[PDB]
Amino acid sequence: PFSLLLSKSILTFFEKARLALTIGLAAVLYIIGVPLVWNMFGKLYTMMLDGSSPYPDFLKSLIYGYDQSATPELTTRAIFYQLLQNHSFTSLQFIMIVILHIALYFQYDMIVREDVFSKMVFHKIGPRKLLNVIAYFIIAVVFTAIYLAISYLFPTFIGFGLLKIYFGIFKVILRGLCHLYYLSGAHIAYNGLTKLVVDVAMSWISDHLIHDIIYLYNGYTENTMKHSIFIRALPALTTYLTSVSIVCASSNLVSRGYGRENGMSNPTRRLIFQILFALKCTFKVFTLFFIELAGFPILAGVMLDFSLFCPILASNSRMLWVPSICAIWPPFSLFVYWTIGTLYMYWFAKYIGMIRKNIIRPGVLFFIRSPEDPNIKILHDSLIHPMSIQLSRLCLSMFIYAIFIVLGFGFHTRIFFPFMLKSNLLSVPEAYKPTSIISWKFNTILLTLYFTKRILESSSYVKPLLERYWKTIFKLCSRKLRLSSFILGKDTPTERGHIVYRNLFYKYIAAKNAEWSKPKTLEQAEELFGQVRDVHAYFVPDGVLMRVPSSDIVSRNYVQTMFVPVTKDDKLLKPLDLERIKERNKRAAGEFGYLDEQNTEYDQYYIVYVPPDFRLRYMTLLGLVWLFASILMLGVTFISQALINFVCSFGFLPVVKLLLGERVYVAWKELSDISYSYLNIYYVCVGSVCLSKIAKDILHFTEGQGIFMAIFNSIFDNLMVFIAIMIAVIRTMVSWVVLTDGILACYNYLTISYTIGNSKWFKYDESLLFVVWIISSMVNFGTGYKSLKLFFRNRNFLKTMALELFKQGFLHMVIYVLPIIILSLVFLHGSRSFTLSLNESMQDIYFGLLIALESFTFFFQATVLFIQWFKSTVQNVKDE
């Protein structure tokens, strides 16, 4: 009986130990060795390329290598604190490489799978165990060595000569052409600029900027500008770009010679042509889809930063703000810009969508893309059209967005208030200016803004008010700017025709009187004014009716035949040619112009009125829209802040002054005294929600506390990982401290310090702490694995899951902290650390209690083990 149970326990323990050793060895070996061998081979190859070593001792040249601004040190701490950065560097490089390769392959597969690529190529060509783990590391090392050798020695070796040739060509062309042009016809320009104003100011900053280019050029040609990612990456970049250009040019050149009337009969050339064409299309589509999704949001974020976030949160003298807060990791500045840009695009799209289907007639916005768009192929349309047209469209869109963002926000927060009005009302005070991304002044603002957005979004009775305001101001603007019919649909004849009074001086001063003083003609009106001095007004339309589309999703090949003057009987005033239109369509369509099918279903035309000089009246409208949006935003913000300041200061402050003495009160008194001339985010948010309630009441006439969390619960239906991680860490922290505190108890007992003194020689103050930390880390890993498994298994429902997590967390925390609490009660680190440190110095009872408490803990563990062992034996008995 006992022998069988012992044998079974030994077998189970041996199997578990073998499995654990195998998995630990595999994981540690891979995750640690492979990146480190990658970095070692990279350093070795860079050293071989350069021809010399930074430290002409080999070993010190492999840990630091070319790392500048880092004094070397051979201590173990100074090696452990350095070898983590190398691992992070290699991990990041591998992640980027893998992501790029995956994206490229997926794009190529999607392009090849399309049904138009076959037609395009037809047009172009024409008709016809421990040992296993050990062995799986050497192969990875060899593959890393080979891939690194190829991809980091061939491109650089070719790129050296490529940069030599490029630099020579550029220098020759510059020195020739620029100097020839300057010597020929620049004397007059120099004479004019000598005393035009400017030359000193322009040349000073020009040579200052030109010095940087000269400085960078010297760094590459003379090996002094090492330790920089750019200077080391440039030859590989140029080699890859030249290879891509050569591939595309070779595809185009091989394509030539044959067409649809004389196909290719050589099977060898067909495969080469197909692969080259597929690569060309993959590169084109990847560039086009990368620009719109990553390059434009980042630029928009940078622009929005420089225009709005720097003048308010930071000082006005500086240009950019984001690079300062994220000084811990500068590359992380690339994510904040993207987030800001995409949020701006999302909100602008929402606003445009609101205006589209409520106020303006359908047809005034066809250049912007439409969300519904039943006949919209995002990928098939990106292959047919050439690259130039799409690039031009993207550039124009970016320029328009630049005008909007920069002009609006910059003029409002940089030139109007700080200079023309001389006020700080858009400047956060000094004491609450964010300075870092892991502080409280930033997190509080972020959370307040997010929760105010949540409360104001799903609240109702505000969107109808916004729509009413927008409709009213649009009616007001379009009734006066003469664009009554073109933009809205409704119209009155009185909008067509501007009259002239008796005299310009009379018209300017007495326009109403002249109006108070029957269509006609300009000559007839002049004759009547010159003959009878009684009619100070006339009527002459001076407007032409036009033909406009009737939907925002009309076909691209049809818009060309619209926008032509039409008389009152649906008859064209002048004939419209067709040969020029056909030639323009053929030229703009490209070679594959006949591969595109146009959905000519939603194709109608309206009859509207357009006023004379129809190029400034639809820019004044945008100006007025900007003005009114700014008025609304500024009014809301200032009113909210003023209302909250009034309420707080004339409410709570006297109450606190009466209850608590004139000594929390101090901070609230200063914060409510500068807010009369500065901006406050929290007051603005609170006033915004209060005004939301008030405006809901106003709209009702002319969600108190419960609906808030009601919607929040549905929103939250992040917490699964955070709760488990915190609970596991808290238990680990208590266990680590208890183990550290328990370790010192033995030293005190040993002193009662011969053994303690003898042990202290071999770093006894840190070995026990390290062992306790390792044990606590292992326990935390096990607990976290168990918690993750339980959460995945258990994936009203939230309350039950929260109760299970709370019960598990509370039970572990209570048991772990109970011995500490009992020790703390007996005392009333900690007592053990005090006893250890009291080498130069009641306590007997406390010492006895600690020994007694330790015995109880050991006895409990042994009883559980005996019960667990007996349970295993019972299962073994049933099996036998």
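If you read the sequence shown in our numbering, its first letter stands for residue 125, the second for the next number, and so on.
Every residue, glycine too, gets a C-beta built ideally from N, C-alpha and C.
query	result
Integer Cβ distance of residue 784 from residue 811, believed to fall under 8 angstroms	Not really, about 26 angstroms apart at Cβ, beyond 8 angstroms.
CA nearest to the CA of residue 256, picked from 507, 881, 146	146
CA-to-CA distance, residue 250 to residue 279, given in whole angstroms	37 angstroms
Residue 383 in three-state terms, based on DSSP	strand
Sequence ranges, beta strand (DSSP E) only - wholly within the region 707 to 776, length at least 3	729 to 734
Segment limits, beta strand (DSSP E) that includes residue 673	668 to 673
Nearest-angstrom Cα separation, counted from residue 965 out to residue 971	15 angstroms
Residue 688 - partner residues in DSSP beta bridges	For residue 688, which the question treats as bridged, DSSP gives no partner whatsoever.
For residue 423: DSSP bridge partner residues	The partner list for residue 423 (beta bridge, DSSP) is empty, contrary to what the question assumes.
Proximity below 9 angstroms, CB of residue 425 to CB of residue 468	yes
DSSP three-state assignment for residue 358, whether helix, strand or coil	helix
Segment limits, alpha helix (DSSP H) that includes residue 813	805 to 825
Sub-9 angstroms separation of residue 290 and residue 362 beta-carbons	yes
Cβ-based neighbour list, residue 557, same chain, cut-off 8 angstroms, excluding 5 preceding and 5 following	437, 438, 565
DSSP state of residue 77 mapped onto helix, strand, coil	Past the edges of the chain, shown from 125 to 1004, lies residue 77, and the structure says nothing about it.
Spatially closest choice to residue 818 from 764, 678, 500, 634, by CA coordinates	764
Cβ neighbours of residue 605 in the same chain (closer than 7 angstroms, five flanking residues each side left out)	741, 744, 745
Through-space distance from residue 753 to residue 622, alpha-carbon basis	29 angstroms
Residue environment, residue 180, which counts as buried when at least 16 other CB atoms sit within 10 Å	exposed
Reference residue 957; option with closest CA among 870, 968, 408, 907	870
Cβ neighbour criterion (16 or more within 10 Å) applied to residue 855	buried
Unbroken stretches of the alpha helix (DSSP H), 4 residues or longer, contained in the region 283 to 323	311 to 319
Beta-carbon contacts of residue 85 that lie in its chain and below 7 angstroms, excluding the five residues immediately before and after	For the chain, the structure presents residues 125 to 1004; residue 85 sits outside this window and is missing.
Sequence-distant residues of the same chain with beta carbon closer than 7 angstroms to residue 215, five excluded per side	159
At least three beta-carbon pairs within less than 8 angstroms, the region 520 to 534 to the region 417 to 432	yes
Sequence ranges, alpha helix (DSSP H) only - wholly within the region 406 to 472, length at least 4	420 to 428, 434 to 437, 446 to 449
Residue environment, residue 302, which counts as buried when at least 16 other CB atoms sit within 10 Å	exposed
Close Cβ partners of residue 71 (< 8 angstroms) along its chain, the five nearest in sequence each way excluded	Look at the range of the chain in this structure, 125 to 1004, and you will see that residue 71 is not part of it.
Nearest residue (CA-CA) to residue 976, options 952, 946, 1000, 592	946
Selection from 796, 709, 367 that minimises the alpha carbon distance to residue 76	Any answer about residue 76 is impossible in this case: the structure gives the chain only from 125 up to 1004.
Meets three-Cβ-pair contact criterion under 8 angstroms: the region 836 to 855 and the region 603 to 620	no
9 angstroms Cβ cutoff met for residue 378 and residue 397	yes
Same chain, Cβ closer than 7 angstroms to residue 382, neighbours up to 5 away in sequence not counted	249, 250, 388
Beta-carbon gap between residue 128 and residue 1004 smaller than 9 angstroms	yes
Opening and closing residue of the alpha helix (DSSP H) in which residue 647 lies	646 to 655
Presumed contact (8 angstroms Cβ cut-off) between residue 827 and residue 583, rounded CB distance	6 angstroms
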